[PDB]
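Asker: Got a sequence here, can you build the structure:
(one chain, ligands or ions: 1)
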Amino acid sequence: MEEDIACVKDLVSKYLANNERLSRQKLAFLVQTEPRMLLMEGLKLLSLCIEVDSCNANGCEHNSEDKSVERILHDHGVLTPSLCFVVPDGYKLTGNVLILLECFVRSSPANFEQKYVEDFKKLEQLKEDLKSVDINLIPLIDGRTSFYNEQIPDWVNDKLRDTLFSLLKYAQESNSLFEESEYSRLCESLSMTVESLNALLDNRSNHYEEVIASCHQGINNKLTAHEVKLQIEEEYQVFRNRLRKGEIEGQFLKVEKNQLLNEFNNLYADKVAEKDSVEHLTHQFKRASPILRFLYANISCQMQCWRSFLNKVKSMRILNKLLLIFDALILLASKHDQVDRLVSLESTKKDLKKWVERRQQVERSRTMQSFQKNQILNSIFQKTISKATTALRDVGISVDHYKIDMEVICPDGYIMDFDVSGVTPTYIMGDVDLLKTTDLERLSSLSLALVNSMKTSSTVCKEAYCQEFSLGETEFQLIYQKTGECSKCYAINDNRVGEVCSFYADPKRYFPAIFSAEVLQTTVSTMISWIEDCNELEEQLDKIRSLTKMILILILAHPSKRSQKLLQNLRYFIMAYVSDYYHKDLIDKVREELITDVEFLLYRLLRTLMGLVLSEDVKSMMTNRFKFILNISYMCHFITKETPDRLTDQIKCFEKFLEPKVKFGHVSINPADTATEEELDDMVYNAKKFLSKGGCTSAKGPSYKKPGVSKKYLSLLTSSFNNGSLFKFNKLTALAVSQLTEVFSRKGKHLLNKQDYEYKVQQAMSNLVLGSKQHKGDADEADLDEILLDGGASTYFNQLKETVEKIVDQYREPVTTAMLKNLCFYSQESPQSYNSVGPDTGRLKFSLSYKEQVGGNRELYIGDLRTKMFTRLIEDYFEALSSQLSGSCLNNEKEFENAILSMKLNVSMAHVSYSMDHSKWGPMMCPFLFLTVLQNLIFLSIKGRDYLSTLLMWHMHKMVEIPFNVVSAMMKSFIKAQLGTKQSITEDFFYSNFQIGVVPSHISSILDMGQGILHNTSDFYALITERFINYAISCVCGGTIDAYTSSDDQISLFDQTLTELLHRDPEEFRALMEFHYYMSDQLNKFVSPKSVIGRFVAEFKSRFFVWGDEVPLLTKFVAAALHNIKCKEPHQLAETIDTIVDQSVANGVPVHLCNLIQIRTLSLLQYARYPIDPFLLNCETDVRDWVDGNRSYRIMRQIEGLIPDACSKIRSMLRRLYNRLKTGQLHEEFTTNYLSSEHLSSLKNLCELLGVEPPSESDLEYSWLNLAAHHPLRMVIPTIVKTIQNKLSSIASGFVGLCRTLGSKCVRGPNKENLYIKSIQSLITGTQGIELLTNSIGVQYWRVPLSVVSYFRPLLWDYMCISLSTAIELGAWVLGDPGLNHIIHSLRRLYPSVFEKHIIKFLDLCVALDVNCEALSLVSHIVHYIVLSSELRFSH
Ligand SMILES: [Mn+2]
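Answerer: Residues are numbered from 1 along each chain as shown. For reference, the structure is listed below:
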């Protein structure tokens, strides 16, 4: 035993680095002969060296004596109260800023992220607590995946761990101490960790057997193919016989196009007259809304230089009264600009009324008088301007400042009297034709004004803030009082006469109309040219044009979810109108609640448009009008989707989640990590009730909306599948709350002047009453007591105790190797012996949230990494099972493409195409149903499926978290209803009767199946059920039905037999479809009322197909392109925009909109003072050759259009090179002639090698600004390394941030110093070369670079490498006339990168051409199209 101990002490005696504290640990280490003490001092040595590399790597002072944070601040003299006992690894105190460091090692990813978020939550607790002791805390977590360090070699450490593990093999150690929980925890903690985990005990406590018994209750799952057919035929015959006087006929009808219009016009008859002329509509429209009234009317430099200079100088450092001095300078500039702001809009966009200005000026002059005469004011002005001029000497000067020296020359001889004497002398309805752009231009100006008004800094009569926007030789002013991001009251006014219009909106919703002026008009023109018929010319096109323009402008002027949902129900309605058989309950889901009298006007416009489009004599064509109406809906897709209200949307999504639960009757209250008797009993009872589902054999069978699957149909399905025939200060604020509640009760003379008081008492009550109802945890899954600890981070414990007891009193009136070994060596809590309910660590803890979608708030389920891995295991197991099948279509592009081909082929033969959407696919499904359909299968090649069964059972008992905002709002509502509108909905009564007991926080039920958590299981089940139902229908009527399913929206294709049947017998077809509805409803596959069947359109995955061509679907992609401008480096922003435009042009959207959207994006970049370099965004005025072309191709195209003749010589030399780039002249000579070090001498030698030399004295004269020539642009080394490392707010706020960062410290230099863009512009200013732009791109300028400014980059080298990449990528026609293998190859070429970053024919060249430049789309593209005939003939 002691031989290998002497070998490992010899090993430490050889391979240890010389450290004194490690010689102290070596001194206590080598004197130990006990193996547990050798393991403790050895792992303490290793984790101690981890703390050495952590504290020395992060610069923190090492905590060796296990000093707490209160000990750290206690030794520094910072008095803290009794806080949480946390022992950090390293600490560093710098003034009032403390830095804490904690490090750990984990082998498994779940314990790594788990201890990561546990230590993250503890350091956020210390962050808020020491923030309440006024200390800015900087937490640092150094989590390491390996046991390596900077002290012991790798194989020596592996020999150490294999030596200690070679000491763990003896039995007397584990028999003596360190029992099998800590022994398996230690031995598995030192492992290198998986399907079918088997290191468990599987203590099923008589519960799994009961569920298996309830699953095999009456299901045969063993029948042959002779009883199934007879059973199905008998049941269908009984159903048909019942369909005469019994069942509700499946609620299927037959379209009467005129009746649908007469029902849509009379729909929603709250207050709408069904007689509206176009002229009266326009008259009401141009005077409808105050914003709408602001446009459609009959309206009719030294100051801005000073304003900008003052802003930029005030921003950084100058002082800290300052605003007073700046406003005084503004008044002097205005009074000297006598011969257009009047209220003197000062810095930060604020104005003063010229009255208190004189008063505080008198006060300042009197204070300066007592400092013992107008010259002292001028002297202060020179002091301030001198500080300004030196701060601008730093890097600015007279950079386009246009002679700010006026206040230096004129007022030297000068006066309050002059100022006041200069200040003292200083309908809404119209007819603007709907043919010009003035309306849209005014809308764009107002939208830009709002978006820029969002940028208020908010530091520290009419003292509100103002923004400016100009017009056709006039200058308006927007006024707003409250800053921030919330909806406010805005006022548009002028200075001439009144014109003070007012409204109340939200600024961050008006983004999609900032610079869109020629885009929308072209969309409208295309939509109308789509309707160039031979019948609607009789005075109808102008009405349609006015209607579409009014619709667009009303949508863009008023963003509201109501109009969005209205036009979505409109696309559903038109899909139903064009079809053959629609659902009877359709119009119930098309009517909505509309308010504010604007949505009613929108509905009147839509009704008139539908009447003008779908009147008599339409039988000429139908495709164009259908496409037009679809485009009007996806024109409602223009509205920004940014959750206009958070709390109401969360309440609504939670209500949609919970209503079907209480309708069933299995809502549970918070359990605690265990399994009591009553909940298991009611679980089994409701699982049995889930299977009752009385069929049509009874007298009340077709309930048609109740969840639950019938036992007989499930048994039939399982039997047909197993047979080879289916698929083959606290006290004072609390007393303030109490006295204000007393006021609310009795003292009502002062009605409401306590808004801020209302907020603070609301927050106090919500934090206080929820402090006594902590809804106990004991799981520590990173989110159980956050907000209650934020509110509690500044409060004492006994304080909370006395507050909660006094508030309930006043509320009753109106009515050991455990801890020292955890942090060093072994991991966190690991899965242990689990019951049939949970993993013995939790109970599959999930949490709910809402998702932003243009249609409706989708539900989202989020969980821990452990649960995520369990669900991923179930997911890919069922994914393998489904890939063994073929009918499914979720993610495999091959089968989806096959579905598209089959759909096209079927529609081309004028057959019937059934569409199907399933309502409430989330809640109506159930994991128990999955367990029951799985347990009754065969699946020949077994054992190991019991693990899958218990995993699926873990989902049977799962928990969801109610957000704290919801329960706080419910408590406020209950208090308001108890102290002081009687519309108690089911959820409110549920919350109230729960509050009578204990408040609920966690919910557990049966039929939840959180969306996305079990996606592939749902796909598998839906595939099986759809195939079985189609087989049943083909057996009943002798037909053939194909199906394609995506787990929510499915399509079905009927053969010629069913089409002939529909053409011959409508009654049998209606009976067959009602029987399909009955079958799909017996199993939990409820059909949504939006499902329509017909032979004109096919609805699948938001892609519509008709006979002939396919729907171009323009406006959806147009409005998508107008959106999504985030806060990134504008190169990546242009990448994203070009990708979206490439998808759009892969579609049917006419090219002319590509160029317009790109011009809009370039204008948005121009407005942000960001140099329009050529490599930023693609060329414009594009040819129709967006096919077979990459982004590099379009960059090459714009450079060739930008260079008249040199590109021709470059193309000639490159063709001669590519002819020599073949065998015999391999790239080794070229890669050795790379020469990316000094200059373009490589190309000089290449062109002089085989002919024409380049035209010098003009080639180097062309160069562009690469601002990221040394480092990327920061905002608060090639790209290959970024790809290797990646291998392992609102939308308007993004644009606001983009404009903010591009003005502040953004770019840095080769000296590790930050600077501005205007810094570079003031650095060049000329010096042999001026911008020399061409069509809006400020590019192409240099004379002879050869040491002060290296930000430039020649055009010829970039064009050369990009042309080489484009040529080797695709084709050789581009020179005409108008994953891991790459890593291995980069390791082969780059010698020093082998020890720095390790973790065929032309690949060497393409990877070589990426180390120098970073934006030429190489790595991104390495790892169908519909074009018009005329645009193709326009191609070159
Ligand atoms: Mn659908």
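Asker: and residue 1044, that's in a strand?
Answerer: Yes - applying DSSP: H, G, I helix; E, B strand; the rest coil, one finds residue 1044 inside a strand.
Asker: so it makes contact with residue 899?
Answerer: Yes - look at residue 1044 against residue 899 with Cβ atoms under 8 Å: they come within range, at 4.4 Å. Bear in mind the C-beta positions are built from the backbone N, C-alpha and C, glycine included.
Asker: Spit out the residues that contact the two alike.
Answerer: 889, 1051, 1100 (Cβ atoms under 8 Å, 6 or more residues apart in numbering).
Asker: What separation do you get for the last one and the ion?
Answerer: Relative to the ion, residue 1100 is positioned 7 Å away (criterion: Cβ to the ion, to the nearest Å).
Asker: For that residue, which non-adjacent residue is closest in space?
Answerer: residue 1051 (4.5 Å; Cβ to Cβ, 6 or more residues apart in numbering).
Asker: Could you tell me which residues make contact with that neighbour?
Answerer: Each residue near residue 1051 by Cβ under 8 Å, 6+ apart is listed here: 899, 903, 913-916, 1043-1044, 1098-1100.
Asker: Within its sheet, name the partner strands of the one helix or strand it maps to and how each one runs.
Answerer: Using DSSP states H and E, residue 1051 sits within strand 1049-1054. Neighbouring strands of strand 1049-1054 in its sheet, by DSSP bridges, are strand 913-917 (antiparallel), strand 1041-1045 (antiparallel).
Asker: so which of those gets nearest residue 527?
Answerer: Nearest to residue 527 among those is strand 913-917 (25.0 Å), distances taken as Cβ to Cβ.
Asker: Briefly note if that closest one comes near the ion.
Answerer: Yes - with Cβ under 5 Å from the ion as the measure, strand 913-917 is seen reaching the ion through residue 917.
Asker: quick one: contacts of that strand?
Answerer: 903, 906-907, 1048-1054, 1087-1088, 1090-1095, 1097-1100.
Asker: cool, and stretch 338-348?
Answerer: Contacts of stretch 338-348 (Cβ under 8 Å, 6+ apart): 303, 307, 310-311, 314, 323, 326-327, 330-331, 334, 351-354, 422, 426, 456-457, 459, 462, 465-466, 468, 475, 495.
Asker: Okay, and which of the residues you listed map to strands?
Answerer: Among those, DSSP state E puts 465-466, 468, 475 in strands.
Asker: how about TSV for those, with distance to the ion and neighbour count added?
Answerer: Shown next, in TSV, are those (distance: Cβ to the ion, whole Å; neighbours: other Cβ atoms under 10 Å):
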residue	distance to the ion	neighbour count
465	47	19
466	48	20
468	47	16
475	50	14
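Asker: Tell me which residue is most central in the chain.
Answerer: By Cα atoms, centre = their mean, the chain has its centre lying nearest to residue 852, at 8.0 Å.
Asker: That one: what's it in contact with?
Answerer: By Cβ under 8 Å, 6+ apart, the neighbours of residue 852 are 641-643.
Asker: what's the burial count for residue 374?
Answerer: Look at residue 374: counted by other Cβ atoms under 10 Å, it has 12 neighbours.
Asker: Same check on residue 859?
Answerer: 19.
Asker: three-state assignment of it?
Answerer: Criterion first, three-state DSSP; result for residue 859: strand.
Asker: Now for it: which residues touch it?
Answerer: Contacts of residue 859 (Cβ under 8 Å, 6+ apart): 653, 656-657, 848-851, 922, 1010-1011.
Asker: Give me the subset of those residues that also touch the ion.
Answerer: Answer for those near the ion: none qualify (Cβ under 5 Å from the ion).
Asker: Whichever of these end up buried, select them in ChimeraX.
Answerer: In ChimeraX, selecting the buried portion of the contacts of residue 859, with burial taken from 16 or more other Cβ atoms under 10 Å, looks like this:
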select :653,656,657,848,850,922,1010,1011
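Asker: Show only the entries of the contacts of residue 859 found in strands.
Answerer: Using DSSP E, the contacts of residue 859 in strands are 848-851.
Asker: what's the residue in the stretch 51-200 of the chain that the ion sits nearest to in contact with, if anything?
Answerer: For the stretch 51-200 of the chain and the ion, the shortest gap (Cβ to the ion) falls at residue 195, measuring 35.9 Å. Going by Cβ under 8 Å, 6+ apart, residue 195 touches residue 873.
Asker: Next one: it from residue 1219, what distance?
Answerer: 55 Å (Cβ to Cβ, to the nearest Å).
Asker: what are the phi and psi angles of the residue of the stretch 1301-1436 of the chain found nearest the ion?
Answerer: The minimum distance from the stretch 1301-1436 of the chain to the ion, using Cβ to the ion, falls at residue 1426 (22.2 Å). Residue 1426 adopts backbone torsions of phi -120, psi 110, taken as degrees, to the nearest 10.
Asker: how about the strands in the stretch 1251-1400 of the chain?
Answerer: 1263-1265, 1307-1308, 1314-1315, 1352-1354 (DSSP state E, counting those that start in this stretch).
Asker: Perfect, I'm done here.
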